[PDB]
Structures are given as C-alpha cells and as structure tokens.
Amino acid sequence: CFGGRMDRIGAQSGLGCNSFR
Amino acid sequence: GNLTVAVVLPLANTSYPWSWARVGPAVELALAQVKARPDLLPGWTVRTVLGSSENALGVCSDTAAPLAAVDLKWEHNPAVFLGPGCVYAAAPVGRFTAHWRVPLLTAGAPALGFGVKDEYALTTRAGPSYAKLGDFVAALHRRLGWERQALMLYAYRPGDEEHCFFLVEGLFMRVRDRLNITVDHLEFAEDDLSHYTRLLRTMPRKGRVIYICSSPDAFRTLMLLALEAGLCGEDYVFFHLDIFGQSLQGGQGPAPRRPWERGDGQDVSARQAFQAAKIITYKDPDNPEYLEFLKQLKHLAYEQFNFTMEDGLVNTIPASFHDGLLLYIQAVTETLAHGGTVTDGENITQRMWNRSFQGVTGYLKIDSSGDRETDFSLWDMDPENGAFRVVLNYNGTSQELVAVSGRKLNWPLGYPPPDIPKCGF
Amino acid sequence: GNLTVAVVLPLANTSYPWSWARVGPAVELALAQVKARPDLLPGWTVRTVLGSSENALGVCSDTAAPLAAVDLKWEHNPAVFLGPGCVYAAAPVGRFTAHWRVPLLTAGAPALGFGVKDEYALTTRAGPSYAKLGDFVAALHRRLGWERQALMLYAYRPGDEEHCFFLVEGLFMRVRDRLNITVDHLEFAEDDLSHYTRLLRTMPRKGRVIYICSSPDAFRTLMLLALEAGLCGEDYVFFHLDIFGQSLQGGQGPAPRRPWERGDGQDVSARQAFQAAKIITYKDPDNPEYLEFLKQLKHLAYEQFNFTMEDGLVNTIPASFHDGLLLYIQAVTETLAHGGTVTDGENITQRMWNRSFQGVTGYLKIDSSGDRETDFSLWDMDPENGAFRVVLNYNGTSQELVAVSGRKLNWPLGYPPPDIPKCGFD
Amino acid sequence: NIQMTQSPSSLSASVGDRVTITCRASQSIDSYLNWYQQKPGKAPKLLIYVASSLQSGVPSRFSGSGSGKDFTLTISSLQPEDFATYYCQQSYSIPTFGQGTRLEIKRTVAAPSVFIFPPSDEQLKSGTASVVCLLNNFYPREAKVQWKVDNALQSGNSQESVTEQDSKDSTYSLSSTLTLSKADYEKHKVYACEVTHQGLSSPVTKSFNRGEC
Amino acid sequence: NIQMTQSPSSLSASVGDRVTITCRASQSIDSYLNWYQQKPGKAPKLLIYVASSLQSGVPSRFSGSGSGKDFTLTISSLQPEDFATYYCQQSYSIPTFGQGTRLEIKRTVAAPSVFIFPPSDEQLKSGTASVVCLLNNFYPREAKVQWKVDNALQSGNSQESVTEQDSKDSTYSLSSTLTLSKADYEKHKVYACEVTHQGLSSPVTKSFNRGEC
Amino acid sequence: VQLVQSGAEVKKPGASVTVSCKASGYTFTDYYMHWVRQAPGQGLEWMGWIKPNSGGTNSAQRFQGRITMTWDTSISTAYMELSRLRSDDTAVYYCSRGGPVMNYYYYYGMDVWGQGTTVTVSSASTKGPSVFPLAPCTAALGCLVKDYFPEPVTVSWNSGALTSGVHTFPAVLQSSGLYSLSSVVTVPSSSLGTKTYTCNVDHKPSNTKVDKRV
Amino acid sequence: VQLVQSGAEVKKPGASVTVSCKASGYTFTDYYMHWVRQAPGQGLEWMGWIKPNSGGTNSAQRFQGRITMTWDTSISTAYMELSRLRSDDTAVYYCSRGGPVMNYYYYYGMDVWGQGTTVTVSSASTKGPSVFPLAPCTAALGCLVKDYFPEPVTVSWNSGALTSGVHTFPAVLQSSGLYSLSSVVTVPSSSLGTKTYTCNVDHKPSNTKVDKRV
Ligand SMILES: *[C@@H]1O[C@H](CO)[C@@H](O[C@@H]2O[C@H](CO)[C@@H](O[C@@H]3O[C@H](CO[C@H]4O[C@H](CO)[C@@H](O)[C@H](O)[C@@H]4O)[C@@H](O)[C@H](O[C@H]4O[C@H](CO)[C@@H](O)[C@H](O)[C@@H]4O)[C@@H]3O)[C@H](O)[C@H]2NC(C)=O)[C@H](O)[C@H]1NC(C)=O
Ligand SMILES: *[C@@H]1O[C@H](CO)[C@@H](O[C@@H]2O[C@H](CO)[C@@H](O[C@@H]3O[C@H](CO[C@H]4O[C@H](CO)[C@@H](O)[C@H](O)[C@@H]4O)[C@@H](O)[C@H](O)[C@@H]3O)[C@H](O)[C@H]2NC(C)=O)[C@H](O)[C@H]1NC(C)=O
Ligand SMILES: *[C@@H]1O[C@H](CO)[C@@H](O[C@@H]2O[C@H](CO)[C@@H](O)[C@H](O)[C@H]2NC(C)=O)[C@H](O)[C@H]1NC(C)=O
Ligand SMILES: *[C@@H]1O[C@H](CO)[C@@H](O[C@@H]2O[C@H](CO)[C@@H](O)[C@H](O)[C@H]2NC(C)=O)[C@H](O)[C@H]1NC(C)=O
Ligand SMILES: *[C@@H]1O[C@H](CO)[C@@H](O)[C@H](O)[C@H]1NC(C)=O
Ligand SMILES: *[C@@H]1O[C@H](CO)[C@@H](O)[C@H](O)[C@H]1NC(C)=O
C-alpha cells in the first residue's frame, strides 16, 4: 500500500496492500 | 422557540447524489409535513442554515467542509448538523461534532471507518451502508453452499474518491468477520489492455466465485475478453456490485433492461458472454407514497432549482434524508415529553437508536449501532427473452431472501458451480 | 512592532522528540541570539503563544491539534506557526495554514505526503526527511554495484503512528523514482512468533539484499533465527534503519559499542550472527558550537523544566528548530529590506527556499522544494574486538560518500555479495 | 483582507458632550490602528498613530483605547471645530479604510418650506422641459419627495440635490428636479410634488397647472 | 456551559437620567434572555422576557434590545424606586445567572466623622481585648482603614463592616474592629486607626493611650 | 397566585434538609417549578426544575447525585431534599413558577417567587449573647453584642424611645463559628448626662432578656 | 515639510495621466511615500506606497495592473503614472509621507498630507453652460445652469452683491455626461420688482461669460 497520495485523513487503518501498479 | 438545522452540502455542483439541488425539496417537504402535523413539535418553528463543502474547483474537499462547519457553529450554534456526504469531507466533521457534543445526521458516508462509535459518537447514518452488502453476500453464500474461497477485484480511477476501494474493504471485512473464509483481492487499472490481459491470466488460478467493482464498460470488456479467454459459465460466476445500477435504469419496475446491447457489432458475443453474470443493486420501493413523493420532488426541483432529475435508484438517497429528519424531530419531542432541553445530544441519540419508523421508504429500523438496515436486489438474465430481471430480494431486518413471482436462478449447468474444482487450482 | 510565533506541541508529555520540554529551551536560546544580534530584526520584538496538540489521554491526535490551531488563529492571528510533529496532527494544520496563506515551519512530519507543494503550500521542513534516506540508498547501490533487486520488510506495532510505514514508503518511492529497479516489500508483526518463521522461509525466495525496519530486539531475534536456520554473510546482507540510534546507545562521539550483548546467555551466538548486519543512522555535528549549544540546552532545560536530557541523536531534532527559526528571521529582514510586510507569506517562503545557512549543526542548504538536505552515517563492526564504528558518511548537499580515517568496509568473503545469485532464486 | 466597521454610522451631539466611536475588525490586530479626521475640502489629519498614543499637536481631549478586535475613540468635550468625519485604519496588513462616521450638531425639529417652479418658456424652446420643487430650512435631513402628474407616478427620471448643514441656522436644502421631453409636456395637465417629513404632521402637496402657467 | 458577563460592575446616576447595562454571552443565543431586578431582602422580579418583551405590570420606561452575543437593557427617566440589582439570565439550556450590577444615586463627596472607643474593663477580665473605630457620613463607600499599635502595621486580625446606603443623607457607615488577646493588650500603650479617604485632604489619625483610659 | 414556604431550621453538617413549597390560586400541574438558591454574597444560583404532568426532573451537573425532588398533586405541594450538607450550603432557597407546560415553553421567565427559606449549616450550639457598652474615653455611644448563635438578634435603644441616628451594622461571622455586631447612636455632646441611655437586646432562640445601661 | 502637487487636466478614457509629488524641506530618502485616492462620494481608498532608499514598492491587488510609480532623488520628486483609465477613475489623488526607513516602521500613520489633485475621466467636449432664469407663475427666484462641462462654476449671481442667506446645490452628473446645478434664494414678495436680479455664470475652461436677467 505504498501508492502514496493517501495522506488525506490517514487515520483509517483498513487493509489491502495489493495496489498492483 | 426556534430550532436551527445546519446543512453542509455542495450548493453549486449537482453531479453528486447528495447535492443540495436534490435534497432541498426533500427538506422543505419534511418541514411542511412537520408543520402540518400537530404531534411533531407543536408551537415550534425550524430554521435552516446552509454552508458550502466544496473548494473553488467545485468538488468535495477535506479542508473547506470543516472550516464551513466551524464557521457555522461559531456564527449560529446549531442544534444538529446535516451532511456532508463525501467520506473525506465528512470525516473531520464527525470528530468535530463529537468533540462539540452536537448530534450529526448523514444519509451517505458508507465508509467502514465510521462504524467505530467510540471515535464517531453522536453520529447517525440513515442511508445505505456497505456492511449490509457484506451481510447479503454472506447470506447468499450460506444459501448457495459456497464455503471455501472467494475472489474480489476492484478498479482504480483518478476521478472518483476511491468508491470501489471503500466498498471492497467494507465487503471484505464483513465477509471475513461473518463467514471467516479465505478471500483474495486485487486492484486493476480502469483503462489498460496489458493490465486486463495479465488479470485474465491470473484469475483462473486463484478462485471460482469472483466479485468485480468497475465501470459498466470495463465489466463488459472484461466479460468479452473472458468469452474467448476460455472461461465458461459452468465453472465461473461473476457478480457486479452496481449499487446505483448504472448499467440499468432501476427507477421503473417493468422494463427490458438490456445491458449487453450497445450497437457496436459485438451484441451477439456480449449476449453469449453475459449468460454467467449477475448484478446486485439496491431495492426499489413499490408503495404509492414513494411515487407521490418522487412526483412532488421532481415538480419542486424543476420549479425552484431549475434542475431536471432522472429516474433511478439515486433518488432513494435524498428521500431517506427526509425520513431521517422526521425521525430526529420525533426524538426531540420525546425529550420535551420527558423533562429535557433541545441541547441533550446523548439522550436524543440514544432515543433514535434501535427504533422502528414509518416513512415514504417503508418500515425503517435503526439498530443499536446507529446504522439503518438496507435492502438489496439480485438480478438474472431471462433464458428466453435475454433481458435482465429482478429475481431475488433481501430483507436486512429479518435477514431473509425472497423470490419474485416464483422465479428461479438461471444456471447453464443447472446448479451453481463449486468453490473449488475437483482437479484443483 | 510585535511578531507572534504560534507553537503547537505537546506541553505535558515528554516522550516525543518534538516535545515542548526539549524545544522551549531551544526557542529561548534562538530568541536571545536574535535579540543580541542587531542584524536580525532591528527594533522589533518577537512574542510566542503556545497550544496543546494532545487529548486527555496525552498523545498527539488529529482532532485537538486543528482545533487548537483554529483557536490560536482566531484569538491572536499569528504570522508563523511552529509544529506540530505528528503527521496525523500536522497535516490538517498544514492544510489550514495553506488555505490561510500563513507560513508553516516544522522539523518533523517527514512523511512523503508533504512533498507536494500544490496542496501543502507555504510549508517548510527544517528537519530530516525520508527522501534523503532514499537518496543515500540509491548512492550506496550505485557505489556497490547493485542494480537488479531489493527486499523490504517493516514491522507493525500498536501504540505509535506507524513509524516504519512512512519511512519505508518514502524510501521505496524514492528508490523507484531514482534507480528504476524491481523492489519488493512486506509487513510483519513483531509480537507473533510464527511470523518470524514465515519470514525466514520466504526471504530466500525474494532476494538477497534486505532492508529491515523493526525494533532492535526484533532485529536481534531475526538475526539469531537467520543464523540458526543457516543464513550466512557470504550471500546475505542486512541493513537496519535506526535513524535515532536505539540499538547503539546515543550514537554520540567515538566509543566502543556492542549491541549484540545483553547478558541473556547467548552473547557469542549474537556476536557471530551480527557479522552480516549494518546500521544506517544520522550524522552528528562535529563543530564545538554544537557541543556548547548542547551544554546550554541541557542546563537551561534542567533548571527551567525539571527535565533531565540524555546524550543521543534525538537532541539533533530540537536544534534544527532553532536554526530554522533563525533562518526565518533572516528572511523576514530581507522582506523588510525590499519594501514589504510581514503578512505576505509567499515572499518569505520563496526567499527561504534555495538558500545556504550556517547554524549550530553546520552549513545547511534548502533546495527549491523547501526540504533540508541531511547527512547520513553507516556503522560497521570492528572485526578485531567486535564493536561497531562509523566507517562511511554521506553528504547530501554534494551527494558524496567519504570514509572515516581510511577505514575499510570489510566483508566476510572479501567483496560485497552479488545482488542476485548466478543460480537465481529458483 | 480585513474588513473594518465603524459605529455608529451617524451621531448627533451638542457642544461639551462625551462621545465614543467604536471600530471593529474582522480579524485580530494587536495595536495596529490609526485615527484620521477629515473636513470637507481639506486633507485628512492624523490624530492617533497607534492604539493608545497621542500625536503631537493634537488636543488632549481626544483619547483612544481598545485591543483585539474592538477599539474606541473618545472625545470628552465637543467643540465647534471637532465636528468632522472620522476614519479608523488598520496597519498590520495591506491597509484598509473604514466607511467613516459623520458627526453633526444637535438642533430642534423645524418645518420645511415648499417652493415650486413651473417650467420656463426657454426650456420649451430648447425642446426639453424641467420642473423643480425644493424644501428650504428643514431639520432633520431625512425626508421623502414624490412626483405626481395627473395622479400618476414616474421613477428614474428625477434628480435630487442636497446641501450641507449651515453654521448659522443649521438648516438644509433639498431640491428635486424632474426633466421630461418636449413631447411629453402637453399630454399632461397638472404637475405636483408631495413632501413627507418628520416635523410635518401631514404630507404637503405642492401643485401647479400647465395651462395657467 | 455558557458564561454570562455583565458590564459595568456598578454605576451611579441621578434621578431622571438614562442608564444602559450590557450582557455578553460566551456562545450564540438567538433570543433566550430574561432580565430580573432584585432589591435587598426581597425576591427578584422579572422585567423583560425573551430579551424584547415587557411583562404586564412593568413600567414602559424599561426597554430591551440586542441579539446573538450582545444585549442591552436601557432605563430612561430614573425613579427613586428603580435603584436595585439587575441580572441577565440565559434560557437556552441549563439557565445561568450573572454576577449582578448595582445602580445607586450620585451625591456630593463628604468627609467621614471618625470616632474611637476604648475597650470595656469587663471585656478585658474575660480574656479578650477589642478596639473599634467607626466612620460615619462619608461618600463614596471606597475608603481605607489601617490599624496601628505603637506605630506598627497590624494585619490579619481586623474586621470591617459597612452598612447599606441611607436615604435621607445617602451616606455610608463603616466600623473597623481589632481583636487581640488579653496579654497583648497591656504590653502596648498607644492604639490608633488610620483613615484614608478621597474626601479627606489628608489622612486622619485617631489615637488613644491605654494608661490614660 | 401564591407560593408559601416554611422552615427556619439549622442542621448539622452531613445531615439532610427538606424544603417544602406550596402553590395556590392556580392549577399545580400546568406550569414548571424551578428551585433557585442564593448565597449571602455570591448571588443567585440555579439548581433544577420539575415537570409535574410528565413526571420529569432536571438537575444541575454539580448538584446531581445528592438532590431529590418530589411533589404531591392532591395538596399541590413540592418537596426538595438535599443530603451530605457542607459549610458552603448555607443560602436562601426560592421556589418559582414559570413557563407553560402544554407546548413545552421551558425558556419562559420566572414571574412568581416565594418568600424564601433560610438554611444554615454549621457545627455549633445555641448560646446567649454578651453585651458590652461602648463609650468614648457631638458624641457617639453604642452597645456591642458578641458570641451569639443563631440568627437573628434585634436591638433597640430606650425601648424604642430613641430611634434617630441609630445605626445597626450587619453581623459578621467570627473564626470561632459565632456572630457579632454593634449598634451605635449619635447624640449631642450637651446631652452626655442630661438623659440616661439604655440599650435593649433580644435573642429569640436563646430567650435573652438583657437591658444594658451605658 | 512641504508637499506640492500640480495637475487638473481632463481627458478621454483610455489615455494616461501623470501626477507629480514634491517633498522639499525634509530628507526624501528617509521616509515612506504613500499614494491615496479618494472617490468624490465613496471614501478614502489606499493605493500603494514606495520606499526610496531601498527601492521598494507595494501596490494593491486591484491596482498593480496599470500603475507605475517612480522617484527622482536629485530633486526629491515622486511620479505616479496611471493607464487604461475608465469612468471609475474620476477621483482625488493625495501624496503623503509617514514612517522612518532606519527602522522598518511601515505601520506608522501618515503625518503630513498633500494638497490633492483632481482627475476627471469623460468623453465630451468643452461646451459652455446654458442659463435659464426662474420666475414665479413666497416665490421661486433664481437661475438654473444646464449642460456644462467641465467643473467648476463660479459665484451664483450678482458677483457677491447678495451674500447673506445664500444656498448653492452641488453639481449632479446626468446620463448625457454633462453637469447641472441651481441656486434659489427667495426674498419677500413686497420688493419683487423694486430690485433687479441678474445671474452671472463664468466658465474658465470655455471662456464663457453669461449674464441672464432673472
Ligand atoms: C505520553 O506519550 C506516550 C507515547 O505516546 C504514551 O504512551 C502510549 O500510550 C498509549 C495510550 O495508552 C498506548 O497506546 C495503547 O497501546 C496498547 C498496547 O500497549 C501495550 O503494548 C506495548 C508494546 O506494543 C507496550 O509497550 C505497552 O506497555 C503495553 O503493554 C494498545 O493495546 C492500545 O489499544 C487499545 O486502546 C485504543 C485506545 O487507546 C483502542 O482504540 C484499541 O482498539 C485498543 O483497545 C493503545 O493503542 C501506547 O502503547 C503507549 N506507548 C508507549 C511506548 O508506551 C503515554 O501514555 C503518554 N503519557 C502521558 C501522561 O501523556
Ligand atoms: C422485513 O421484515 C420486517 C420484519 O420481519 C418487516 O417489518 C414489518 O413491517 C410491517 C409493515 O409491512 C409491520 O406491520 C405494521 O406494523 C405497524 C407498527 O406496529 C405498531 O403497533 C403495534 C401494536 O401492537 C406495536 O406492537 C408495534 O410496536 C408498533 O408500535 C402497525 O401499525 C401496522 O398496522 C402494521 O401491522 C410490522 O410490524 C413490521 N415488523 C416488525 C417486527 O415491526 C419489513 O416490512 C420487511 N421488509 C419488507 C420490505 O417487507
Ligand atoms: C462537479 O463535480 C464533479 C465530480 O463528480 C466534477 O467532475 C470532476 O472534475 C475534476 C476536475 O474538477 C476532474 O479531474 C474529474 O475527472 C471529474 N470527474 C468526472 C467523473 O467527470 C466536476 O468538474 C464538478 N463541476 C463543477 C462545475 O465544479
Ligand atoms: C557537504 O558539501 C557541501 C558542498 O560541497 C559543503 O558546503 C560547503 O561548506 C563550506 C563550509 O561552510 C563552505 O565554505 C562552502 O562554500 C560550502 N559549499 C558550497 C557549495 O556552498 C558542506 O559543508 C558539506 N557537508 C559537511 C558536513 O562538510
Ligand atoms: C425566533 O426567530 C424569530 C425571527 O425569525 C424571532 O423574532 C424570535 O424572537 C425567535 N425566538 C427565539 C425563542 O429565539
Ligand atoms: C506590542 O506588545 C506590547 C505589549 O507586550 C504593547 O504594549 C504594544 O502596543 C504592542 N505593539 C504593537 C505594534 O502591537
């Protein structure tokens, strides 16, 4: 989950480190 | 006395389901209904203040909405906040209202992150959510006997605010919580032929029951590619999670709803491929009160906001707003009937939670978590006509599956394929 | 006139590198230096207001910090904002300042999300950044001739704001942007035990050069497990991204350091295992001005805050603040020397960017992106007595690598192992 | 920017009275405020250069105070030369000027005198007629004037001129002029103007006829 | 909750004047305000409700205005029975009262008539020595009384009592009492109390000797 | 409309105090009833109110936990009970009516007030006052009363014959838990011996009959 | 300290105007120079300021587009250049000094002001006035001036023979782009014909002299 641009309220934990760029 | 209601919704942009041009007529209809009823706050008048939750670009932003909410709170000090609908915009407003101990109402924001009541207390969601989709999926798996594995895929776009991403995380989390089975997930580009080819290569070796979130064009292209990729309907099943039903109309009951016809020379191939695809959408209310409310809403919107609305499931979003407002009013009355003031957020929030209400949308039920239980519909292709039709409905209050007119699911081999083939992956 | 500086830092908790108990003395020293210097703001005085960025629990939060910033802006209307340090707390504050066109100065929040100036405009970071670590990694790869593959692992711990997430993502993005090589990544939980077994089972099939972001105890346990399994230094290399120097106490001036001994009965095994491990840390200043500043900082903090500070690289965090503040003052003077006002923001930020300054830490440079270039250090163990020592330093202003006293980076076999074995991963 | 508001918009007081003027800022400013006084036909003169100082050459009867978002300018004893327009200006940022505050003397209520003038023959020769009616020696300044021709009202074709308060009698002049084309003159007969004033118990109509004039 | 502030703390005016009391709210309240007037020893009485409406049976001279966070109460044509304490109370939620605002008449400054009293012999036999000196017919109430024992500053062992304002002369009465142990009385000879007042040109010292009495 | 209270008791700390307020001239269950206490010097303070028709009660955050309010519709009376008394609980309590209940108009002002009930909480006992004459060593004379409990005490000069120029200072609470005050009179200097002076004190709780001659 | 200005020219829209400010009598390079424009009926309006010693310049957002201000330290003069003039640029311009340059005290108020200059923007020719006498049909005697350009107009009538009790109305800009005003003073009706009344209108820009019998 290193796609970036997720700094918009990053307090959400979530899952899914499969961006598959 | 006067009761002040603060609204934080986009006032200029009308492309969002929760736009002010579609909510304003509903709000004024709710106010008229309250004024016309003597059992809803007698002798009290409700005023509404408005604020913008969009930047100069006219899209949802996480900076303008909190500032507008803070300015509204400072200037007017409202007793309740309405909206916003965008997840990013409404996320800080929830925390701000929780700190201010001000009740918040929202018919949108179906993100799973709002389900934590400790961080987001005094927040009520009267609209559709994504956890009910997980409950419906678990019920379908229980009914069909699938208990081994599942696959999830979603598309990435730079325009939307990761709608498929949020829907998929909610669905996957609820499936993991309930069915405790092994589920995979992947993200693919909306427009990339190489990505499509590699995805079609990867899919056959991961699972058999597959859920896809993407645009209707992307789904059609994927199904067309799978037609000659070797995938058939006797082993593979595809589900399209179109909550608003963009591939179809949804607004009207009786209609053909041909999704595979586009006049591009591949209609026959699309029809042949679509024999192994199903669509999950929202449930359309059928009571005449909903039709009358829709007609009044269209008339008022055309008269005032100079906006022409279109039939569809999107119209179910503002209507719930209306109903939710009514519920809130009732709660206030109960407080005034039990020795309280209009600034008792905790008591009102407890009173609305876990309650049954009657509205234009029907019999709504709010559980102890403050989330409204929603209904879903599953479509199927007609074996003879070839046009899609509604075949299953889900009741979330009783958590039951109901057939329509004694219809049966269309299976190419008669029975649903197993999760794991006999040969194996 | 009066100049108002707004600080948003934890005023009660004293466990963060940017805590007020360690920044306040630095701010006082900077103000005293400004007052004693007629060049900086002649005839002007500088004020300071404080606000709390923590909740009742005492940790930094993304809810209390924006509210405190809004309250400070409404009550005092300052010209510059200081802090916060936590990314989740600083980012909404940074966006609010950008909307308000008020300059923001900080030394924390090194997350990659702040690297875009379209959204986080008028924001200056005077502290270390994670992109410089990526530049150092790329330079090391170029020097050591590795251009094929790399492996990344980071640990997840509940309690902190994902320390090994932002660093790993920033370094990974920088490596992809600069080197254009295939790099993998993986997350593991240090609390569990089967996760370590799965990691040791999956590492040989994913690469030979591995970067690890975990606690020193977790790193030692992983190294011991690798030694027991059969991993050796002739084919594998391990790098530990300990920026603040936790495995090595302090990371101060030269002294024998033995991080493989803790009296657990297996010191020999740990010493043998650590023959293939290196540590990447920050570079401490060498000028005596830094030592004098540290002495005065510790003395004033002890007398005025009832806090006892230790020796370590963490003390390099508040000092940068000091230096940054000085730079800001200079920029203001330049504006006041060009027929301007202190309430413009854009001119001051533009003047601050792409400038060379001299401070207690040394000669620093700010590029066009408003990110201070930081030096790095690589620690190596002495083969004779088995103690770690500094052997290589990286300067980011010139992007160069320099040895220390002619020290040679020894290897178990004689030369660095190849990035990919001739037989491949199969 | 910062918007600056002055209160009250207008104020009437006698000689030797205590008067206060409030200046409010939309944003907090520590002490960056200046007070200026301006007389008609003259350049403004500075009175206070910070929140609470006193510029050289200014009488001690003026005082200034306040902070944050609210400031006050106080005059302990009014004088005949102290009646002027007051402005408060902020200097923390790009300077902005307020809407002003007019100060006038206090006088008893007086009744207006209504005078009418039928259009001259020279105006008819030129091809454009004009009628005028004016209120003379009235107080206070507020009044309403309406035009009525054959019980019909026209708007947008009239102009109003008002003078400044005189030093001797403290009176005002309020003249209304209605201009019309030559053609429109002869299809109407009687022209009148109605005046409504606080001092008058009932509105006064002044009328004339085209034929007899 | 919501904190309410009253301005000013106290004021003085004559019969037939005009006074104004301002109430400030920490938060925003549309029209949730009530005004009460309370005389000493009597229950409070409601004058204005919902910040704009006058209760039946209340003189029309009282008026109320304002909305949001600023409210004003104006009293015109003051009467001798209009001097009491005024409170502004919010009624939005969890009603709270103000700190109060006194309002009395204005009179010429007078000079106190200070008298002293030696302690009684029977009180000394009990085991306590008390010396009292009183101030009579002084205006205003603001005054300073200091006890001196053999030219030494005494503090922490004295009490003062002030009576309410009178009607005929509208003056004040103050009494200061110093309490000391029986043994402490005979070890000193000179006892005095010092009076400092605005009306008095210079401080007045009233002294007596233990041996003389 | 009329509101009548009763009670002048003094309770030891840690005890319970009950205040009863009776309404007449109007329907009891048609308006709210608020309870307001006023400290001797601090001022008015709001505690809570009761809703009779719906049986609802509201209390302040600070007073919540040790306050109980009840009412009886048959006799149109309301009772308030406070437990765990402290030294700061000495005040005057008022019962007031305000706001119609039909449309939930709880924000209306309080237009009817009671006479008030005085409650004193202290650790002391009834004790007789002591009178000490005060004479100089225009002339001033007076009598000082000290060490009495509880309030009130009435003092008169010459059995009411002399009233002009008589000033009675308010009582002050001593550090020992008792009260003291002094009453003074101003007389012409020429009348130092022409007429006699006598001050009369009356303490009803202690039944003290003392006639002290100056 | 003296501030001298010069210029009262009128020109068609779209041209350029220059204003000269002289700061003789004091060190020009030791203080700021502020340019302030005031509308005829709106109020004061800050435009910008310059810093002579450091070569600094500051302008408003809505004015920086078409204003250029320079200075000449040889003669201690400041020049203001305005271009793209429209109908909204008809106002009065002022030049003033305030704030020392040794210390950056830009917040100091303007101490010494200038005399001011008037700039008018209009597209019209210099045409003479038209005078219409007023006669009664306790009367209305006077003269009305119509369709004159440009400002100003001299004394109303009689060249100051009748000064006591005189009223003059300000000029009003009509839709046609010209100006008009009037002046009416009523005498007792007894001496209407005994004294003759003549109004004199003089116009320097057009060199027009009109003597109209009332
Ligand atoms: C000063 O600042 C420090 C640094 O932030 C604070 O220390 C942290 O305090 C927080 C708040 O309690 C801690 O967060 C909690 O951590 C729990 C795990 O901690 C255990 O495990 C760690 C090792 O991982 C041990 O070091 C530690 O001693 C414990 O044994 C979590 O389980 C908690 O999660 C639970 O609570 C949260 C709400 O807080 C829920 O949302 C979760 O769902 C869950 O129920 C929680 O995250 C943090 O671990 C502390 N860090 C350290 C290093 O100790 C000080 O408390 C603070 N002090 C003051 C006075 O301000
Ligand atoms: C999904 O399943 C739900 C439950 O299985 C369905 O909810 C039911 O909806 C029907 C309407 O079609 C309700 O019937 C009405 O109920 C109201 C409310 O009853 C009130 O009065 C009774 C009197 O005893 C009281 O006990 C209740 O608490 C209410 O106060 C009546 O007024 C109507 O006359 C009518 O009977 C059912 O009550 C309701 N079930 C429950 C358990 O509430 C829902 O409709 C299903 N979804 C769909 C789309 O059909
Ligand atoms: C109204 O909102 C929509 C979002 O639903 C805007 O459409 C997006 O606009 C941005 C740029 O503003 C583009 O980058 C996106 O690609 C657009 N998305 C889609 C789906 O079109 C739209 O521009 C807004 N309109 C106005 C007038 O603000
Ligand atoms: C890293 O390299 C830069 C540039 O080579 C060094 O900056 C120089 O510092 C010296 C000492 O102050 C100056 O005299 C030079 O002018 C600087 N160079 C430039 C180009 O400005 C910097 O000192 C180096 N870092 C360290 C720690 O030595
Ligand atoms: C409600 O608002 C109206 C104006 O819309 C105002 O007149 C009235 O006083 C308000 N009532 C309250 C209780 O604030
Ligand atoms: C600066 O602050 C001081 C108080 O510290 C105040 O007296 C002074 O007026 C202020 N000056 C300005 C220009 O705000």
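Swiss-Prot numbering applies to chain C: residues 33-458, in that order.
Heads up, header says this was done by electron microscopy, 3.1 Å.
Heads up, the Cβ atoms here are built off N, Cα and C, so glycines get one too.
Over in Swiss-Prot, the protein carries these features:
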CARBOHYD  C:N34  N-linked glycosylation site
CARBOHYD  C:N45  N-linked glycosylation site
BINDING   C:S85, C:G117, C:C118  chloride binding site
DISULFID  C:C92-C:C118  disulfide bond
DISULFID  C:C196-C:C245  disulfide bond
CARBOHYD  C:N212  N-linked glycosylation site
CARBOHYD  C:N338  N-linked glycosylation site
CARBOHYD  C:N379  N-linked glycosylation site
CARBOHYD  C:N386  N-linked glycosylation site
CARBOHYD  C:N427  N-linked glycosylation site
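Structure with Swiss-Prot features highlighted.
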{"residue": "C:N34", "record": "N-linked glycosylation site", "CB count, 10 Å": "13"}
{"residue": "C:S85", "record": "chloride binding site", "CB count, 10 Å": "30"}
{"residue": "C:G117", "record": "chloride binding site", "CB count, 10 Å": "25"}
{"residue": "C:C118", "record": "chloride binding site", "CB count, 10 Å": "24"}
{"residue": "C:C196", "record": "disulfide bond", "CB count, 10 Å": "20"}
{"residue": "C:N212", "record": "N-linked glycosylation site", "CB count, 10 Å": "8"}
{"residue": "C:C245", "record": "disulfide bond", "CB count, 10 Å": "22"}
{"residue": "C:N338", "record": "N-linked glycosylation site", "CB count, 10 Å": "9"}
{"residue": "C:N386", "record": "N-linked glycosylation site", "CB count, 10 Å": "12"}
{"residue": "C:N427", "record": "N-linked glycosylation site", "CB count, 10 Å": "16"}
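Close contacts with ligand 6, defined as a Cβ under 6 Å from any of its atoms, occur at none of the recorded positions C:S85, C:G117, C:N338. Around C:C92 (disulfide bond), the same-chain residues at least 6 positions away in sequence with a Cβ under 8 Å from its Cβ are C:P42, C:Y48, C:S85, C:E86, C:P116, C:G117, C:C118, C:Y120, C:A121, C:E193. Those recorded positions from the list C:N34, C:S85, C:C196, C:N427 that have a Cβ under 8 Å from chain D Cβ atoms: C:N34. Here the C-alpha separation of C:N212 (N-linked glycosylation site) and C:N386 (N-linked glycosylation site) works out to 27 Å. Same-chain residues with CB within 8 A of the center of the C:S85, C:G117, C:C118 CB atoms, the chloride site residues themselves not counted, are C:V40, C:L41, C:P42, C:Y48, C:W50, C:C92, C:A97, C:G115, C:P116, C:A121, C:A122, C:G140, C:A141.
Of C:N45, C:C245, C:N386, C:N427, all annotated as recorded positions, the residue with the shortest Cα distance to C:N338 (N-linked glycosylation site) is C:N45. Among the recorded positions C:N34, C:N45, C:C196, C:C245, C:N379, the ones whose Cβ sits under 6 Å from an atom of ligand 1 are, in sequence order, C:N45.
Largest CA to CA distance in the chloride binding set (C:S85, C:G117, C:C118): 10 Å, whole number. In sequence order, C:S51, C:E86, C:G90, C:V91 are the residues near C:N45 (N-linked glycosylation site), counting only same-chain partners six or more apart with C-beta under 8 A.
Ligand 4 lies under 6 Å from the Cβ of the following recorded positions, listed in sequence order from C:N34, C:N45, C:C196, C:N386, C:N427: C:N427. Of the recorded residues, C:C196 (disulfide bond) and C:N34 (N-linked glycosylation site) place their C-alpha atoms 41 Å from one another. In sequence order, C:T367, C:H370, C:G372 are the residues of the chain that are 6 or more apart from C:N379 (N-linked glycosylation site) and have a CB within less than 8 Å of its CB. Under the DSSP three-state reduction, C:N427 (N-linked glycosylation site) is assigned to strand. Put simply, of the glycosylation sites C:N34, C:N386, C:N427, the one whose Cα is nearest the Cα of C:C245 (disulfide bond) is C:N427.
Cα separation, C:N386 (N-linked glycosylation site) to C:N427 (N-linked glycosylation site), rounded: 17 Å.
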